[PDB]
Amino acid sequence: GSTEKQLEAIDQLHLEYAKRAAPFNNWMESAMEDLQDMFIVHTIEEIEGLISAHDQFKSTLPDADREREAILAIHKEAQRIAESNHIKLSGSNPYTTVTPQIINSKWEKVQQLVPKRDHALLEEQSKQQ
């Protein structure tokens, strides 16, 4: 079995991985960035608006959550060949340098920052007016 074909057929799967992991890696980063940073508010409108940013987050989470699983759902086809045949992949991925753990643990980082911000938001908003 020519390795090139076993890589080529799953490289088109790497294609879909790179296509979906791309916005997801951007999303996780932007979210983690904002979630990491301590929010500063002046007026009450900003304190609620910041919470609205968590509102729409609580709705996107379950969707992007399944997205992470759907990304592994692409990798299962492209990885199973490497797990059965002694192929020679050039590292983790040719198009998108993301490992399953990197995307999963990044999600876990996003999730862990959710309550921290959700707590600070409500505490701050309750100390407002």
# chains A, B, ... in the order shown; residues from 1 in each chain; ligands from 1
>>> residues_around(residues="residue 27 in chain A", least_positions_apart="6", cutoff="12 Å", atoms="only C-alpha atoms", output="JSON, numbers by chain")
{"A": [20, 21, 33, 34, 35, 57, 60, 61, 64, 65, 67, 68, 103, 106, 107, 110]}
>>> write_last_selection(atoms="N, CA and C atoms", output="PDB file, in the first residue's frame")
ATOM      1  N   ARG A  20     -12.028  23.992   9.927  1.00  0.00           N
ATOM      2  CA  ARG A  20     -12.894  24.192  11.080  1.00  0.00           C
ATOM      3  C   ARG A  20     -12.092  24.538  12.331  1.00  0.00           C
ATOM      4  N   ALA A  21     -10.877  24.018  12.423  1.00  0.00           N
ATOM      5  CA  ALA A  21     -10.009  24.330  13.547  1.00  0.00           C
ATOM      6  C   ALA A  21      -9.515  25.768  13.459  1.00  0.00           C
ATOM      7  N   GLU A  33      -8.784  35.336  25.726  1.00  0.00           N
ATOM      8  CA  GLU A  33      -8.127  36.619  25.900  1.00  0.00           C
ATOM      9  C   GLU A  33      -9.002  37.556  26.718  1.00  0.00           C
ATOM     10  N   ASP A  34     -10.276  37.640  26.344  1.00  0.00           N
ATOM     11  CA  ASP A  34     -11.204  38.533  27.028  1.00  0.00           C
ATOM     12  C   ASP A  34     -11.542  37.990  28.406  1.00  0.00           C
ATOM     13  N   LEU A  35     -11.609  36.669  28.511  1.00  0.00           N
ATOM     14  CA  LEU A  35     -11.958  36.020  29.770  1.00  0.00           C
ATOM     15  C   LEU A  35     -10.803  36.107  30.762  1.00  0.00           C
ATOM     16  N   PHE A  57     -22.392  34.049  25.278  1.00  0.00           N
ATOM     17  CA  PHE A  57     -21.331  33.063  25.429  1.00  0.00           C
ATOM     18  C   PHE A  57     -21.907  31.733  25.894  1.00  0.00           C
ATOM     19  N   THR A  60     -23.305  30.109  22.832  1.00  0.00           N
ATOM     20  CA  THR A  60     -22.351  29.693  21.815  1.00  0.00           C
ATOM     21  C   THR A  60     -21.523  28.511  22.300  1.00  0.00           C
ATOM     22  N   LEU A  61     -21.355  28.426  23.619  1.00  0.00           N
ATOM     23  CA  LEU A  61     -20.570  27.363  24.239  1.00  0.00           C
ATOM     24  C   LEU A  61     -21.056  25.973  23.819  1.00  0.00           C
ATOM     25  N   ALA A  64     -20.228  25.460  20.101  1.00  0.00           N
ATOM     26  CA  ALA A  64     -18.797  25.335  19.847  1.00  0.00           C
ATOM     27  C   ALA A  64     -18.243  24.089  20.533  1.00  0.00           C
ATOM     28  N   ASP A  65     -18.933  23.656  21.579  1.00  0.00           N
ATOM     29  CA  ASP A  65     -18.585  22.433  22.290  1.00  0.00           C
ATOM     30  C   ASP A  65     -18.716  21.234  21.364  1.00  0.00           C
ATOM     31  N   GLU A  67     -18.772  21.523  18.225  1.00  0.00           N
ATOM     32  CA  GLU A  67     -17.822  21.828  17.162  1.00  0.00           C
ATOM     33  C   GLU A  67     -16.478  21.154  17.434  1.00  0.00           C
ATOM     34  N   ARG A  68     -16.023  21.220  18.683  1.00  0.00           N
ATOM     35  CA  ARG A  68     -14.768  20.591  19.075  1.00  0.00           C
ATOM     36  C   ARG A  68     -14.841  19.075  18.872  1.00  0.00           C
ATOM     37  N   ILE A 103      -6.693  21.503  21.361  1.00  0.00           N
ATOM     38  CA  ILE A 103      -8.012  22.078  21.134  1.00  0.00           C
ATOM     39  C   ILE A 103      -8.962  21.766  22.296  1.00  0.00           C
ATOM     40  N   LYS A 106      -7.702  23.688  25.474  1.00  0.00           N
ATOM     41  CA  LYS A 106      -7.971  25.103  25.247  1.00  0.00           C
ATOM     42  C   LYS A 106      -9.428  25.404  25.562  1.00  0.00           C
ATOM     43  N   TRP A 107     -10.302  24.490  25.161  1.00  0.00           N
ATOM     44  CA  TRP A 107     -11.713  24.586  25.488  1.00  0.00           C
ATOM     45  C   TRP A 107     -11.905  24.544  27.002  1.00  0.00           C
ATOM     46  N   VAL A 110     -11.161  27.802  28.438  1.00  0.00           N
ATOM     47  CA  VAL A 110     -12.294  28.690  28.211  1.00  0.00           C
ATOM     48  C   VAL A 110     -13.385  28.444  29.256  1.00  0.00           C
TER      49      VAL A 110
END
>>> residues_around(residues="residue 55 in chain A", least_positions_apart="4", cutoff="12 Å", atoms="only C-alpha atoms", output="list in words")
residues 48, 49, 50, 51, 59, 60, 61, 114, 117, 118 and 121 of chain A
>>> residues_around(residues="range 85-95 of chain A", least_positions_apart="6", cutoff="12 Å", atoms="only C-alpha atoms", output="VMD selection string")
chain A and resid 1 to 8 10 to 22 75 78 to 79 101 to 102
>>> atom_distance(atom1="CA of residue 45 in chain A", atom2="CA of residue 122 in chain A")
13.2 Å
>>> atom_distance(atom1="CA of residue 56 in chain A", atom2="CA of residue 26 in chain A")
17.0 Å
>>> select_by_dssp(residues="range 21-129 of chain A", states="helix (DSSP H, G or I)", output="ChimeraX atom specification")
/A:21-36,44-79,100-125
>>> closest_residue(among="A:82, A:24, A:31, A:38", to="residue 119 in chain A", atoms="only C-alpha atoms")
A:38
>>> atom_distance(atom1="CA of residue 44 in chain A", atom2="CA of residue 113 in chain A")
22.4 Å
